[PDB]
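Take a look at this single chain in structure tokens; it is the form deposited in one PDB entry.
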């Protein structure tokens, strides 16, 4: 409820303004919660950051699992559905960024050990799901053989970099480059 409302409002604003660039008041005002309530549920802005990041990964990873077990698609189709979504809902009429790994990693990495680790574990979990799907495709013939752990990492790295350049250009341009390199890397 109130805690969850704060987490949501936080995610919504930090996705755009970052961690250091928002103040508790803006989050608070935008959510209609008093400062004393904020500090009833979180001991600090840092601890709040972590919570929002954990909740973010729980939700993100749930979706990845659902996606990589969708009925009626083979593994390749499942894997590509993920990259396509990344490319699709990132045409740049979208300012409110979806991806906290892209938005917060570099800022937060030297600032909060708890947020650094949460981002770190969260990304590893993302990579983990990719490894499974890559593996599933080696079972159903959808995908060529490869070192699934290496491939998932390299692809994920490639798409992360694309998102940076994408934000830098306000173009989905670099993501198209990513998609294309991905098709090339698989098969």
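Superpose the two forms; the largest set of C-alphas matching within 1.5 Å is the rigid core. Numbering follows the first chain given and starts at 1.
Not on display, but discussed next: the form deposited in another entry.
Residue displacement note: residue 97 has its CA displaced by at least 2 Å between the shown form and the other one (rigid core superposed).
Comparing the forms between the shown form and the other one on their rigid core, the Cα displacement of residue 22 reaches 2 Å or more. Here residue 148 does not count as shifted, since its C-alpha moves by less than 2 Å between the shown form and the other one after the core is aligned.
Relative to this form, the distance between the C-alpha atoms of residue 109 and residue 122 is increased by at least 3 angstroms in that other deposited form.
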